[PDB]
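**Student:** A single structure is presented below for examination.
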Amino acid sequence: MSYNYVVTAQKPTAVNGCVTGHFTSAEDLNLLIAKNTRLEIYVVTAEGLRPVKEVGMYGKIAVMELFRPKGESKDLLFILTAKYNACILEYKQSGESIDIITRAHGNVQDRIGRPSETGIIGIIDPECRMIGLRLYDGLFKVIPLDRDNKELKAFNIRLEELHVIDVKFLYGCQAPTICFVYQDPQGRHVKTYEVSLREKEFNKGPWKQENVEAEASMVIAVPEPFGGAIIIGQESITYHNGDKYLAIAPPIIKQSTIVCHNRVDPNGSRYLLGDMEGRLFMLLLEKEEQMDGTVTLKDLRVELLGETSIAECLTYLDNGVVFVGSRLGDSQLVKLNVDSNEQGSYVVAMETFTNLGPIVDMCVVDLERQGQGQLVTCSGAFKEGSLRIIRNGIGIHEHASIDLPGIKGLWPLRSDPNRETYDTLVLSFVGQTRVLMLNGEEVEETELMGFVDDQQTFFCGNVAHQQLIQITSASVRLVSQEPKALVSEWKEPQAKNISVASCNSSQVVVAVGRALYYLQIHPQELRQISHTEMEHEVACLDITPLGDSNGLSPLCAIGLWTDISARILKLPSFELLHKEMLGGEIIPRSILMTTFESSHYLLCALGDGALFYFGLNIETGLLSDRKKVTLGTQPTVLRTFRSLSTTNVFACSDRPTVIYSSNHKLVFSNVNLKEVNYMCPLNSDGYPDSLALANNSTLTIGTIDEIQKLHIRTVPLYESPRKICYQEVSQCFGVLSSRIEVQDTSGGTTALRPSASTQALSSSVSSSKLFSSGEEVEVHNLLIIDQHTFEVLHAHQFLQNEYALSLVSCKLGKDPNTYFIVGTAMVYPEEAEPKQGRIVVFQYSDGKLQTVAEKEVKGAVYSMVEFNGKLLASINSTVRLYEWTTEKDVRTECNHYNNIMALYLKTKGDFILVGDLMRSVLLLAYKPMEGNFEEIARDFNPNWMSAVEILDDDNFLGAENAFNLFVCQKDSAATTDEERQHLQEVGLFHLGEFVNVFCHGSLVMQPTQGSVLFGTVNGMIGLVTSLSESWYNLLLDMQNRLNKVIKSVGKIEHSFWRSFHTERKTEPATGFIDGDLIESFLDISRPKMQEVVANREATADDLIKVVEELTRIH
Amino acid sequence: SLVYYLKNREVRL
């Protein structure tokens, strides 16, 4: 009975896989990108990448190939998951609906098999006779491809070689033929076999096993024309075919290891090569022809091309474009050119996609001091290293502040016919109209001719032919640019008000009720035209010249009262087309027609906060689809702002909201503001690219950040960050950081690039003398980072071969000072494990960093928390609890010894602790007795931890080794001396990410309990929350129901995916919930949604609003 | 050490 809820706050950003080919159309170039459990499909174009389809999977993509057997229209996609979920996909567009369909699928694991060296490797023969797999040492699986085999049945074949490094099939081969470097004692070797599937056995390969080098690791299979195999090692590259043997040792590649490659030219003249260094190489094969004879090979060379991010994944695209998949850093779009610009680099970045990459540590801070957390993560490794500042919502910058308890509208207003700048904002008000002349950036309310001051304005548009409009309760009024006074005036033939006001800059359409007139602002006068009456009271109206119409506007829509409805109708005719018949007793406050790309838009706000959304037709006039959100309870006023090239839709609720554009879809991110009433684009000389926003009382004006549910602000560190503390009083951050250096010729160490520790503003080295006794080394720092500017204020450099592994920022003991404590460790490649390090206590001043105190220790200080004015601190195996002398020194009080190696600790307010490397977690107390440690309980499972957290006094989150999460609580039981020294694993769940850090924090606000965020190797930011047993239950059912309804991709079983799994063990998930899956609900059609019910009560659209009320947990 | 190793598993593979 443990009840947690896990949700993705940020999908994985790292790139594990990318492949290219014609998946979409036989004529289309696709980039397939594998995230972890996300598959992105793109079309390659002139601009770069056209986003097409982003499907998710219930597994980690471990193999991703496109391939094409005979008589197949276009390419098919083969996907192997890491729980050995194999499956085949086809791209399938039903005209406008897109589907990725599973042509085949089966689970390919074997109970026998210890998974191997180089992990899963799945390859596919040129002729498409089959797929070959190396899941286990000794065996080699083969899934024969056929019309059938729809359940991917496969045999194994025993493999003499117990240690394969890499395999592929060879081109130009009568039989299927594999080629593989492999390691046994005397070095590595390259062997071959045919594959006769007729007989489920291997056949002497076309050519003798030879040798390849000690560090040989890639195998490339040069395409038909040349045929053969390329082998890459350190400093060396070699080529094999029968009795052919070319080979080079280009000093240039020795510098670092090649790591990923890509075939540039279909024929195989060229290949890209990735370095651990971020370096890009061209491998070129020099072809050779004889008259009537197939092409031989003369030579192979390596041309250094430049620098990319540390690449996992390379894919050559169109013309000099290269996609560059990175996990240690940002993935990027890259251009090769024939020439080398400044520096001599033939590489040029075109685009950069943000990868939170390895999130390694992180913390939560409301930097501006609001009540929303921003989140600050140490990311990347080596040069890609960085801080990333992550902020929910779209905020805006507040220029003036004029408290006006009323404002019931506002529109812009250039008082000069030329400039884009408006110096007025005539604001509808609580039954009046004040004008707002501006001295520039200065506020002033004066008169204006032919514009009322005692009569409430409903509009001010920007009507052409040198004039200014004012639709009032009463009459649509008129003022000129030349005349500027009385020009004309419309008035209803009865002495009767205008109810609903409209206008673009050419059209005028009003409404007396059902009455729908129509008038025009013709050169100096308002001439009348049409008239109609509708079933019911006109609630609201939208008109704007959209695409193929300057000024004068085509078709339309409207919402009336009693039927609660919105319907499609024309202009001078007013002819009714299709309609919707929305429900409830509350009317549509706002209707709007817009455009962005290739689709015209209709949206309709009701007074219950909620919105119904649809897509119209400049031509026809029909009915799109149907959904129902729930922005701010209060009615929503839809409008359009000036932003970039896809100028967007701002929605004014109690919960202000932007509506942007997704694929070509439309974003729904929060706007970071109190409450917005009405809003309009503006631009004076004194407030340009402004947006103007009235609230319960206040005019405001400002620009607008990105878009995304999340804004991410990065800080390039150029070395690899490791830990992160926010010491508030000093308005800065502490950041442990690590930079690499190479051995000199004076033997010492230099550096490979300026880092953030070398470009520090001030700086320090460790002077301390506590110890005595090409090539790479690591040099560690504490960085001091300004929270506002993100500048390395100060840098402290540690000893020689000292690694700083923990950072706290705390006051200690009586001491009113706020320290930065850093635990450290001396480390030598020889030694299995350091036997010495030191805790160091520092303070940062007006601008100074002083070594306030040190303290030797006989291990690695893996972690430390601030206990209670005491400093609790894992050392190597021991868990020690320090005290600050008033003399200001750290002195031992007690220690716990029973840990294989304490990697982690956390502290529940009271006197309670937790953590361990391999098995698993211990829970502890401090006893203000003899100030001892009593070891309360432990979990007795073999979990190699990576991250640990305390949810509450009893519940303990824990993440491990194998992408599982688990929760523990103490066994409330009789016989309290065994069943108490043991705490049971009550929540089990396969996340499918590797978790580095948990922390308490939340990214939202000014049903669930708490909020713990975690950050993963892949750039995923998730969140874990607690639940009520009842809420657990509803949701657990809702999950099971939700599955039957949902077709997974690859026909993977949701629960197979979510199941706890360490090689040696597989239970299903208990006590956990993916809201990720719950949230799936919303993306289900109302029928498939109904289904989900059949059954204190049971509804149909309650739940579709129970789900909403969760999405806003982040 | 296991430090080169924690730090390693740190970034990933």
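Starting from 1 in every chain, residues are counted up; chains themselves are A, B, ... following the order of the structure tokens, and ligands are numbered from 1 as listed.
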Please provide as a PDB file with C-alpha atoms, in the first residue's frame all residues within 9 Å of residue A:157, with the sequence filter that same-chain residues fewer than 3 positions apart are discarded (counting only C-alpha atoms).
**Tutor:**
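File out_9.pdb, as written:
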```pdb
ATOM      1  CA  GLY A 138      27.906 -17.252 -27.593  1.00  0.00           C
ATOM      2  CA  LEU A 139      24.649 -17.003 -29.480  1.00  0.00           C
ATOM      3  CA  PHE A 140      23.660 -15.273 -32.600  1.00  0.00           C
ATOM      4  CA  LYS A 141      19.883 -14.884 -33.131  1.00  0.00           C
ATOM      5  CA  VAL A 142      18.469 -14.769 -36.659  1.00  0.00           C
ATOM      6  CA  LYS A 200      20.290 -23.254 -38.937  1.00  0.00           C
ATOM      7  CA  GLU A 201      24.110 -23.290 -38.955  1.00  0.00           C
ATOM      8  CA  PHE A 202      27.165 -21.287 -40.008  1.00  0.00           C
TER       9      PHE A 202
END
```
**Student:** For chain B, list the residues within 6 Å of chain A, counting only C-alpha atoms, and write the list as a ChimeraX atom specification.
**Tutor:** /B:1-2,11
**Student:** Would you export the selected residues with C-alpha atoms as a short mmCIF file (atom, residue, chain, number, x, y, z; two decimals), in the first residue's frame, please?
**Tutor:**
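Okay, selection_26.cif is ready:
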```cif
data_model
loop_
_atom_site.label_atom_id
_atom_site.label_comp_id
_atom_site.auth_asym_id
_atom_site.auth_seq_id
_atom_site.Cartn_x
_atom_site.Cartn_y
_atom_site.Cartn_z
CA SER B 1 39.02 3.70 -9.09
CA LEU B 2 35.30 3.33 -8.80
CA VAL B 11 27.17 10.65 -18.03
#
```
**Student:** Using only C-alpha atoms, determine which residues lie at most 12 Å from residue A:1103, disregarding the query and same-chain residues fewer than 3 positions distant; provide the list as an MDAnalysis selection string.
**Tutor:** chainID A and resid 1031 1034:1035 1037:1039 1042 1078:1079 1081:1082 1086 1089:1090 1092:1093 1095 1097:1100 1106:1110
**Student:** Generate the output file for the selected residues, N, CA, C and O atoms, as a short mmCIF file (atom, residue, chain, number, x, y, z; two decimals), in the first residue's frame.
**Tutor:**
```cif
data_model
loop_
_atom_site.label_atom_id
_atom_site.label_comp_id
_atom_site.auth_asym_id
_atom_site.auth_seq_id
_atom_site.Cartn_x
_atom_site.Cartn_y
_atom_site.Cartn_z
N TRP A 1031 -7.62 7.74 -4.89
CA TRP A 1031 -7.04 8.29 -6.10
C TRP A 1031 -6.12 7.31 -6.81
O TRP A 1031 -6.18 7.18 -8.04
N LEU A 1034 -8.84 4.69 -8.44
CA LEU A 1034 -9.48 5.22 -9.61
C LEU A 1034 -8.50 5.11 -10.78
O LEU A 1034 -8.79 4.46 -11.80
N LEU A 1035 -7.33 5.71 -10.60
CA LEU A 1035 -6.27 5.76 -11.62
C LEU A 1035 -5.71 4.40 -12.08
O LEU A 1035 -5.33 4.24 -13.24
N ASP A 1037 -7.34 1.57 -12.06
CA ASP A 1037 -8.37 1.03 -12.90
C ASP A 1037 -8.21 1.75 -14.23
O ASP A 1037 -7.90 1.14 -15.25
N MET A 1038 -8.37 3.08 -14.18
CA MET A 1038 -8.32 3.93 -15.35
C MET A 1038 -7.16 3.57 -16.28
O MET A 1038 -7.25 3.71 -17.49
N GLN A 1039 -6.08 3.07 -15.70
CA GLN A 1039 -4.90 2.65 -16.44
C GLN A 1039 -5.18 1.38 -17.19
O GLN A 1039 -4.92 1.32 -18.38
N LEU A 1042 -7.59 2.00 -19.78
CA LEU A 1042 -6.92 2.81 -20.79
C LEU A 1042 -6.03 2.03 -21.70
O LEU A 1042 -5.73 2.47 -22.80
N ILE A 1078 -1.85 8.00 -18.04
CA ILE A 1078 -3.09 8.66 -17.69
C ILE A 1078 -3.31 9.81 -18.66
O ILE A 1078 -4.28 9.81 -19.38
N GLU A 1079 -2.38 10.76 -18.72
CA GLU A 1079 -2.46 11.89 -19.66
C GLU A 1079 -2.77 11.47 -21.09
O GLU A 1079 -3.28 12.28 -21.86
N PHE A 1081 -5.16 9.55 -22.04
CA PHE A 1081 -6.60 9.78 -22.07
C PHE A 1081 -7.03 10.96 -22.95
O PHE A 1081 -7.75 10.77 -23.92
N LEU A 1082 -6.57 12.17 -22.66
CA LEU A 1082 -6.98 13.37 -23.40
C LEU A 1082 -6.83 13.26 -24.89
O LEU A 1082 -7.52 13.96 -25.63
N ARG A 1086 -13.66 10.91 -28.08
CA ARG A 1086 -14.72 10.73 -27.08
C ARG A 1086 -15.38 9.32 -26.99
O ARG A 1086 -15.70 8.87 -25.90
N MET A 1089 -13.15 6.94 -25.47
CA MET A 1089 -13.03 7.55 -24.17
C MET A 1089 -14.17 7.07 -23.33
O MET A 1089 -13.98 6.66 -22.17
N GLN A 1090 -15.38 7.12 -23.91
CA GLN A 1090 -16.60 6.55 -23.30
C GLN A 1090 -16.28 5.17 -22.79
O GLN A 1090 -16.26 4.94 -21.59
N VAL A 1092 -13.88 3.62 -21.88
CA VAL A 1092 -13.06 3.60 -20.68
C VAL A 1092 -13.94 3.61 -19.42
O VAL A 1092 -13.49 3.32 -18.31
N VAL A 1093 -15.22 3.93 -19.61
CA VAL A 1093 -16.19 3.75 -18.54
C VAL A 1093 -17.31 2.75 -18.86
O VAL A 1093 -17.60 2.43 -20.01
N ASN A 1095 -18.17 1.74 -15.60
CA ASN A 1095 -18.23 2.08 -14.16
C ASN A 1095 -16.97 2.86 -13.71
O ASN A 1095 -16.66 2.95 -12.51
N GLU A 1097 -19.50 6.92 -7.59
CA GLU A 1097 -20.11 7.11 -8.92
C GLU A 1097 -19.21 6.71 -10.10
O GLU A 1097 -18.06 6.30 -9.92
N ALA A 1098 -19.75 6.84 -11.31
CA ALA A 1098 -19.07 6.50 -12.55
C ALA A 1098 -19.60 7.37 -13.69
O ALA A 1098 -20.77 7.23 -14.08
N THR A 1099 -18.76 8.26 -14.23
CA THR A 1099 -19.17 9.19 -15.31
C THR A 1099 -18.45 8.96 -16.63
O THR A 1099 -17.87 7.91 -16.85
N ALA A 1100 -18.49 9.97 -17.50
CA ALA A 1100 -17.98 9.91 -18.87
C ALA A 1100 -17.02 11.06 -19.14
O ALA A 1100 -16.04 10.91 -19.88
N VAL A 1106 -10.68 15.16 -14.36
CA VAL A 1106 -9.81 14.71 -13.28
C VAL A 1106 -8.38 14.69 -13.85
O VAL A 1106 -7.43 15.05 -13.15
N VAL A 1107 -8.23 14.28 -15.11
CA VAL A 1107 -6.93 14.25 -15.81
C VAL A 1107 -6.33 15.65 -15.97
O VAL A 1107 -5.15 15.87 -15.66
N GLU A 1108 -7.15 16.60 -16.44
CA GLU A 1108 -6.74 18.01 -16.53
C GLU A 1108 -6.09 18.45 -15.23
O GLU A 1108 -4.93 18.85 -15.20
N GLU A 1109 -6.86 18.32 -14.15
CA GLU A 1109 -6.47 18.82 -12.85
C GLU A 1109 -5.18 18.17 -12.40
O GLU A 1109 -4.67 18.52 -11.34
N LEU A 1110 -4.65 17.23 -13.18
CA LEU A 1110 -3.36 16.65 -12.87
C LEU A 1110 -2.32 17.30 -13.73
O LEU A 1110 -1.31 17.73 -13.21
#
```
**Student:** Just the strand (DSSP E) stuff from stretch 905-1058 of chain A, please, per backbone DSSP, written as a PyMOL selection string.
**Tutor:** chain A and resi 912-914+921-927+932-939+945-950+956-960+964-970+983-990+995-1000+1009-1016+1021-1026
**Student:** If we count only C-alpha atoms, what is near residue A:1064 at a cut-off of 12 Å, once residues fewer than 3 positions away on the same chain are taken out, given as a list in words?
**Tutor:** residues 111, 112, 113, 114, 115, 941, 942, 943, 962, 1060, 1061 and 1067 of chain A
**Student:** In Å, how far is it from atom CA of residue A:623 to atom CA of residue A:498?
**Tutor:**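 The value is 29.3 Å.
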